């Protein structure tokens, strides 16, 4: 699963519903906090629609639990990330990921 740990509160009432487009600022890391990719380095918010499996399960499900303006740390288990085979070349097998995500807005 995905363990969500709030860093900054959102509005607590505007949560992502299926079909909407999530505008976020993320930072994907390895279990120990090793930075891999951050949309903050490009100053461009990343968009993804709920129900389209555009991102990994824990990435999306962790966000569905957040309200607009919130920023939290999402600890994703391998089964919710890239599983037992991982993504050969970039992601090793059985990898737990830690994302720092901020739900900028919905659309």
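Residue numbers count along the first chain shown, from 1.
**Prompt:** Got a sec? Mean C-alpha B-factor, which is higher, 61-69 or 22-30?
**Reply:** Mean B over CA atoms: larger for 61-69.
**Request:** Give the stretch, out of 4-12 and 96-104, with the larger mean C-alpha temperature factor in the deposited entry.
**Result:** In the deposited entry, the stretch with the higher C-alpha B-factor mean is 4-12.
**Request:** For residue 38, return the chain-relative third of its C-alpha B-factor as stated in the PDB record: lowest, middle or highest.
**Result:** Lowest third of the chain for residue 38's C-alpha B-factor.
**Asked** Which third of the chain holds residue 56 when residues are ordered by C-alpha B factor: lowest, middle or highest?
**Response** Answer is lowest: the recorded C-alpha B-factor places it there.
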